[PDB]
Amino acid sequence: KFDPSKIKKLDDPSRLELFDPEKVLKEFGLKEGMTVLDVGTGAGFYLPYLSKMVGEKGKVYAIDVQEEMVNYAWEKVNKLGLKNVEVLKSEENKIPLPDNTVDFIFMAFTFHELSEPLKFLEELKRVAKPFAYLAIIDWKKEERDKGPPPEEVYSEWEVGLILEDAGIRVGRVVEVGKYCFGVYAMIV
């Protein structure tokens, strides 16, 4: 799990150097009116983005298993005036949402942190509508002059395999700005 006392590392405007937030989202299919789930919301860094992209009509559920991250992200939305965002306290494999409520699922740098992936994936489909798109973004499994140790992350290869076990269908796997990759998946 990410360390709560290092949270400022998640609220660093220099993260933009990894990839353009709305360029990537728009390309992965996030649209106005869509209800999006932000799994490891952390500091709520990408929240201003997701918020903007769904607009007045959409909604953003920002979850996180850690209470400190939840309250930090919350103060963030209020500080910035993000009215369509709902920050919630999550449990490892349980999302506090009713079935078929999400259109877009965004998982930024949080997949490799899941205790029990395929079990979390099942919980994910539940809250996910029959349609639903899954956008998973993470670090490459090599060595980089900017990201965490490789044994600490999955490689695009492993991830998309797990998704397969879980039943999710992967359609695209593209590099994301020199340090990360991204995966396009649709929930069945």
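In case it trips you up, residue 1 is the first one in the sequence shown, and so on.
- Per the PDB record, of the two stretches 108 to 116 and 78 to 86, 108 to 116 carries the greater mean B-factor over its C-alpha atoms.
- Mean CA B-factor, 139 to 147 versus 49 to 57: the higher value falls on 139 to 147.
- Looking at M69, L163, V127, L37, the one whose CA carries the top B-factor in the deposited record is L163.
- In this PDB entry, the Cα temperature factor of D64 sits in the bottom third of its chain's modelled residues, the lowest group.
- Annotation for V159: CA B-factor lies in the highest third of the chain's modelled residues.
- Among the modelled residues of the chain, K9 sits in the lowest third by CA temperature factor in this PDB entry.
- Ranked by Cα temperature factor within the chain, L134 sits in the middle third according to the deposited record.
- Per-chain ranking of the deposited C-alpha B factor places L121 in the middle third.
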